[PDB]
Amino acid sequence: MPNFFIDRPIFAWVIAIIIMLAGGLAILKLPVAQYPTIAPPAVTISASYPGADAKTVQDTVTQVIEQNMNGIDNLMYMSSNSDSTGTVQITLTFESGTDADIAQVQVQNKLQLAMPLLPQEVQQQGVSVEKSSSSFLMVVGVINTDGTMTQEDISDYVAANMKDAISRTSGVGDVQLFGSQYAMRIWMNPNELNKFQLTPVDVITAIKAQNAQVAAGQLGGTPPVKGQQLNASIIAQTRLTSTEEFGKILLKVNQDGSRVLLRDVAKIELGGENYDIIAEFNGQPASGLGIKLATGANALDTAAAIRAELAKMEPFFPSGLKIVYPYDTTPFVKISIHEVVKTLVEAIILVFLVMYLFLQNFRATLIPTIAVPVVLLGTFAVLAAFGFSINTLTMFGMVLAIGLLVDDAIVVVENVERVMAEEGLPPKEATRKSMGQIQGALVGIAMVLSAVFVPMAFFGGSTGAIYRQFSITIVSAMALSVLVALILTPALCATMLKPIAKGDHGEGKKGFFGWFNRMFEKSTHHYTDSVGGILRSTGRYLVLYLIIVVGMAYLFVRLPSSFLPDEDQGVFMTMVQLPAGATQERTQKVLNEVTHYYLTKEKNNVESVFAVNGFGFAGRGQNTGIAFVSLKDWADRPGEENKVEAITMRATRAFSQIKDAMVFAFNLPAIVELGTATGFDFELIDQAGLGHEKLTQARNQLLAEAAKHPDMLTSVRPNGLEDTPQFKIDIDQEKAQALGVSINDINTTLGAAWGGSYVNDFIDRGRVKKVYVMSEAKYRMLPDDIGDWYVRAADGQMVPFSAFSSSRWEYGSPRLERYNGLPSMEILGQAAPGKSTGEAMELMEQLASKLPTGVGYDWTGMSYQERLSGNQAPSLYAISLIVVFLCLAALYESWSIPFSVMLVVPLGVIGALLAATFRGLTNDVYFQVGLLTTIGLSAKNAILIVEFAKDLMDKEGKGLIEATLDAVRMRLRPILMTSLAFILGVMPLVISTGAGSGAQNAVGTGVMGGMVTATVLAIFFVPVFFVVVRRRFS
Amino acid sequence: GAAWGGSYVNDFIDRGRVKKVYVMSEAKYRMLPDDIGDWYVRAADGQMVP
Amino acid sequence: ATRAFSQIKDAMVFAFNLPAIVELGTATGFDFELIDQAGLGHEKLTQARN
Ligand SMILES: NC1CCN(C[C@@H](O)COc2cccc(C(F)(F)F)c2)CC1
């Protein structure tokens, strides 16, 4: 193939043009997102049963739905929570590769058949099935700076005017309203209700009767009379529209002739559907829209479109309404992608500079400057073809593959240059000879790097999905680089390079270039002499190689493991957890202290604080809250002390002094779609119907036992809420019957007054809005207020609740958990420093085995993935190693020579490990992919060295030592210049400290160390391996 | 609703097939707007209110 | 077993192995449907089947 395209440079140029056009089309049409789909597909069912405790929701909703989640394909597991707020939340997790649309449709279809079995109130509120495996692209908050609009007003305005147009913006996949539309609130007064001889049941009945849509008919409708000429539709009673209309609702007319309206026994207003959650932006009332990106959409373009739509909206807003962006991580994505692109461009420029320094030829330097961009564009085309997107993983994989790309280009051009400078042949004949020398090596290298990189695509789980991005990117880049080195680079060398004299290698030049040429010639002579001396005493260096291998193993075992570096994305979170029974006001006060601290003690770093009172993480209630702190631009936060880690540490230290509250500040995970660390998530299952109390006792026993092992298990805690006091109303139905009070009336009165009851809809400004009846807040606060509520009897006489019911205080769970349809309790923990996750999981299994009868356990979350993909690596790499050996044996036509090449892995691995250890970095994904890239480059260099040596030994009569020395002399320059180019290209990643510096350092430090030690060691260890192998096996 | 727009009550069986049952006014009593006064509703005391 | 289960005289008892593929059934068997396509009724369909 190289000879074919040397006579046909225009055909090679046509192929290159096709590749570039395909790459450009892909670049214009590729999606862009921070990360790809990593989490396994999950479908989440949400239902609300207002006014209900955890047990009521669990027994009436959660269990009924869970007993019908059958016949759904590809389900890994299922979990559910039932909260004291009246909400059930069921998550069904499916294996990776499952079609999320099909999983969702199956789940909702099974729920549609389960729907008739649920309470009528749950059916009225609706059960929603969504995809919870994704996260918010953006959060657009709406605030009022005048105080004229409360939170409900802002929420209703956003719902009516903003949600539709934002949803219609291009690329927007989903919009969730941080709030709700208006609701007709009927705040009942029990005293007035008793005065006018009424109860909440009467109010609901009247509202339902006098606010409804009635089908009337049609004038002159078919079948008509034989002479009808007019046909018109008849309109009749329609839904109410104004608070005044609801106030005029008639409940009863008294005997004396007075009229009792709804306004007489209650206040009528436009409130919110729910009041559980209060959102504030820097202390001001706020609503919001959470925008999820559509599938296949460009995140940057979608964010820009959203901002443009909001800017268009701005003029029409009511005075004092403003738009803010509390959670804007798109700037982080933009700066990260820009840094990667800049790294690629600077790498190409550095390749040009190194080529000019070493070869002092302008056209030779131009040749790689054409070759590498063609390969990159082809790689973009290949990513687009297989439905990949431009994300952090793929872009960093491209950064890593730059080393192999530049190595291929440098190898081809430098070999042609050397053939010209030694044999004195013209460019065309020299290119023919060079490619005849190196083409088989290039093909074998392509196969070997395929063997090295493909196995990562076959890892399982979220980690496997992460690794597949790098695998596909690097494999495509390597294959395209080899194809270019076989097609275009020979043609460019044959057509562009100028002739060089037989004996000219830059000695006669003057100045810095002449000095550099003389110095490099002397260094080559010295290195050749040193290698020749080394080959006389190979045993000592074999012992040294064993020492290096032992040190490599030591460093590998002593290096901690991780998944992804934690990044300073310009935002972080602060959870507030108050003691059981804390009300909304106490949590609001604590959140106010947190906001004050962030806006005063960190005013130079924090831009805004979005405090949400009503739900934290792992729960939702009046005692929980979460604040999303946004930081200023990184340019305005210089130094380590002003980054997210330092700010979070200082904030946690400051908040530790807060009393009667656990306030904890922390940073986002690398991929927010997964909450993952070097820890375990553990489920304790009630396998025999023991009950909640026995399961709590078993959990306490397990927690104590785990705490008795501080050396292996750290911070083993429950992921749930402890039992809290509850107010039990024990109704004596015998008394109710004796007093002529229907228990249905008693229960309806209690629920409507204290829990709130949804009655029906009404049309406000052309939109359906719910009508809620609830007791006015004054009369449903304390237990004594129970005495303010009366119920009519069959005799017409009111009876108080104290007359037919007693009260007391008990203990109950505010949050009931189920796993795989059985009662469960979740425990989070992490292995102690120096201990692997597997050891902690084994110890937890052992401790669980000593638990009461009928208590089982399971692993869920990341622990499930660990338990599936536990031993898959070493097998996948034993297959890779075998395939590499087979490819090398095919290439060299020898069963023993492959070992001389294969013995080079530790040379780069040791350097990568040392660089990671000194810098303190962990054994994370980026480090592992960089390690594989270093191994690939080292193997490529060793393959070329051994190929040259064996070619000299076979095609010429040169001996083993002479051939080895000549081969290393020939290969020294390309190795050194490629290593220099790649090291200088990755310097910015190593030294970076700004946005995205975590991933940059993780990628760059290992690459730097591995490349440095590989270049230093291989150049005199590969000859030793080759000589030893040929002596022992010949 | 039943008089002017028709009300579907329940199902019956015609020649072995399930079919609908509709109650509706005769055409002559639901053609003109003046026919509304021809329709009465029973009161709790038994009197027919137009 | 089938031969033995003929003196019972109380029920039809029939022991049988499964085919290689359950759905395919016996290579010489046929399944036939007599449809009531005119609303005849159950009794007339029974008479036709008889
Ligand atoms: N009825 C409404 C009342 C208002 N709030 C709004 C809060 O949910 C917004 O807070 C956020 C902000 C950003 C991200 C998230 C994430 F964690 F969900 F991703 C939550 C919800 C219920």
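Per the PDB record, the structure was determined using cryo-EM to 2.71 Å resolution.

Q: Go over the layout of surface pockets, please, and point to the residues and values.
A: All names here are of chain A. Put simply, the second largest pocket is a space of about 690 Å³. Lining of the second largest pocket is provided by 27 residues; of these, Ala421, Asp504, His505, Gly506 and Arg973 occupy positions nearest its centre. Listing elements by their share of the lining of the second largest pocket, those giving two or more residues are α12 (330-359), α14 (392-423), α17 (511-534) and α31 (960-991). Ranked by residues supplied to the lining of the second largest pocket, first place goes to α17 with 7 residues.

Q: Tell me about the interface of chain B and chain A, residues and numbers included.
A: Size of an interface, as often reported, equals the accessible area lost when the parts are brought together. Each partner contributes to the interface: chain B provides 10 residues, whereas chain A provides 13 residues. Among the residues of chain B in contact with chain A, B:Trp4, B:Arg30 and B:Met31 are the three that bury the most area, contributing 60% of the side total. Counting the contacts that link chain B with chain A gives 0 salt bridges. By residue class, the composition of the side of chain B that touches chain A is 6 nonpolar, 2 polar and 2 charged.

Q: Outline the packing of aromatic side chains, supporting the account with residue identities and numerical values.
A: Residues and elements named next belong to chain A. The tally for this structure, following the rule as stated, stands at 40 aromatic pairs over all chains. For the ring pair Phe332 and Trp634, a centre distance of 6.3 Å and an interplane angle of 45° mean the geometry is tilted. Here the residue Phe332 occupies a position in helix α12, and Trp634 occupies one in the loop between β18 (620-631) and α20 (644-655), the gap between them amounting to 302 residues. Exposure remark for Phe332: the relative accessible area of 5% places this residue in the buried category. Owing to a relative accessible area of 14%, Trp634 belongs among the buried residues under this scheme.

Q: So what's going on with the nonpolar core? Which residues, and what values?
A: All names here are of chain A. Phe470, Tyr926 and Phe1021 are the most contacted members of the largest nonpolar core, which has 163 residues in total. Among the elements that make up this core, the one with the highest residue count is α14 (20 residues). The next biggest cluster of nonpolar side chains, apart from the first, holds 37 residues, and it includes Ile207, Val260, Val741 and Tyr779.

Q: Let's hear about empty space enclosed by the protein: which residues, and what values?
A: All names here are of chain A. As enumerated under the stated definition, the model contains 6 cavities of 30 Å³ or more in all. Size it by volume and the largest cavity reaches roughly 80 Å³. Together, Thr343, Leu344, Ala347, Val351, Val399, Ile402, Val406, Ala981, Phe982, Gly985 and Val986 line the largest cavity. Contributing elements (two or more residues each) for the lining of the largest cavity: α12, α14 and α31. Residues of the lining of the largest cavity, tallied by class, amount to 9 nonpolar, 2 polar and no charged.

Q: Which residues make up the site of the ligand, and what are the values?
A: All names here are of chain A. Close contacts around the ligand come from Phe136, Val139, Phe178, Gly179, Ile277, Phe610, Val612, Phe615, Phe617 and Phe628, and that covers them all. Notes on the ligand: free accessible area 500 Å², of which the protein chains cover 75%. Looking at the shell around the ligand, the element that brings in the most residues is strand β17 (residues 606-615), giving 3 residues. Of the residues that constitute the shell around the ligand, the class distribution is 9 nonpolar, 1 polar and no charged.

Q: So, the sheet that holds strand β7 (residues 182-188) of chain A: which residues are in play, and what are the values?
A: Two modes of strand pairing occur in sheets, parallel and antiparallel, and in both the strands are linked by backbone hydrogen bonds. Residue and element names in this part refer to chain A. Overall, mixed pairing links the 4 strands, which are arranged β12-β7-β24-β23 in an open sheet. The sheet terminates laterally at β12 (266-272) and β23 (757-764), the two strands that pair on one side only. Between one strand axis and the next, the sheet turns through 30° on average, direction left out of account. Pairing between β7 and β12: 7 bridges, direction antiparallel. Note on β12: the bridge partner recorded for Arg185 is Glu269. Where helix α6 (residues 151-168) meets the sheet, its contacts fall on β7, β12 and β24 (767-775), and the angle it forms with β24 comes to roughly 160°. Here helix α8 (residues 200-210) sits on the sheet in contact with β7, β23 and β24, set at roughly 30° to β23.

Q: Please give an account of a nonpolar patch on the surface that cites residues and values.
A: Taken together, the side chains of A:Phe4, A:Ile10, A:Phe11, A:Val14 and A:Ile18 make up a nonpolar region of the molecular surface, amounting to roughly 480 Å² of accessible area. Here the element with the most residues in the nonpolar patch is helix α2 (residues 9-29) of chain A; it accounts for 4 residues.

Q: Let's hear about the environment of A:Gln584: which residues, and what values?
A: Residue and element names in this part refer to chain A. Mapped onto the elements, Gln584 comes out in helix α19 (residues 584-600). The spacing of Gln584 and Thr922 is 338 residues in sequence and 42 Å in space, taken between C-alpha atoms. Excluding residues within four positions of it along the chain, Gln584 makes contact with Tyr275, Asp276, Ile277, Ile278, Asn613 and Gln622.

Q: Could you give an account of the packing of helix α29 (residues 905-919) of chain A against helix α32 (residues 997-1032) of chain A, naming the residues involved and the relevant values?
A: All names here are of chain A. Remark: α29 packs on α32, axes separated minimally by 6 Å, with the N-to-C direction vectors making an angle of 145°. Crossing of α29 against α32: the hand is right-handed. Along its contact with α29, which presents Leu907, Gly908, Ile910, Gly911, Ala912, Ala915, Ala916 and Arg919, the element α32 presents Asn1001, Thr1005, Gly1006, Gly1009, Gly1010, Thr1013, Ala1014, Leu1017, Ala1018, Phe1021 and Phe1025. Here the residues of the contact of α29 with α32 are counted per class, giving 10 nonpolar, 8 polar and 1 charged.

Calculation rules
Residues numbered from 1 in each chain as written, not as in the entry; some residues may be left out. Chains lettered and ligands numbered in written order. Part of a larger assembly, values for the part shown. Heavy atoms only, no water. 1 Å grid on protein atoms, 1.4 Å probe; cavity = no way out; pocket = protein on both sides within 12 Å on 5 of 7 lines; lining within 4 Å. Points joined across faces, edges and corners; volume = space filled by probe spheres on them. Helix = DSSP H or I, 4+ residues; strand = E, 2+ residues; numbered from the N terminus. Contact = heavy atoms within 4.5 Å. Buried area = accessible area lost by both parts, 1.4 Å probe. Salt bridge = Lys/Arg side-chain N within 4 Å of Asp/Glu carboxyl O. Nonpolar A, V, L, I, M, F, W, Y, C, P; charged D, E, K, R; others polar. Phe/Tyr/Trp six-rings, centres within 6.5 Å; stacked < 30°, edge-to-face > 60°. Buried < 20%, exposed > 50% of the residue type's maximum accessible area, 1.4 Å probe, protein only. Core = buried A, V, L, I, M, F, W, Y, C linked by side-chain atoms within 4.5 Å. Near = heavy atom within 4 Å. Areas by Shrake-Rupley, 256 points an atom, 1.4 Å probe, with all protein chains shown as cover. Pairing = 2+ DSSP bridges. Axes fitted to C-alpha atoms, helices over the stretch in contact; angles between N-to-C directions. Patch = residues over 30% accessible without salt bridge, like charges linked within 9 Å, V, L, I, M, F, W, Y side chains within 5 Å. Left-handed = near helix turned anticlockwise from the far one by under 90°.

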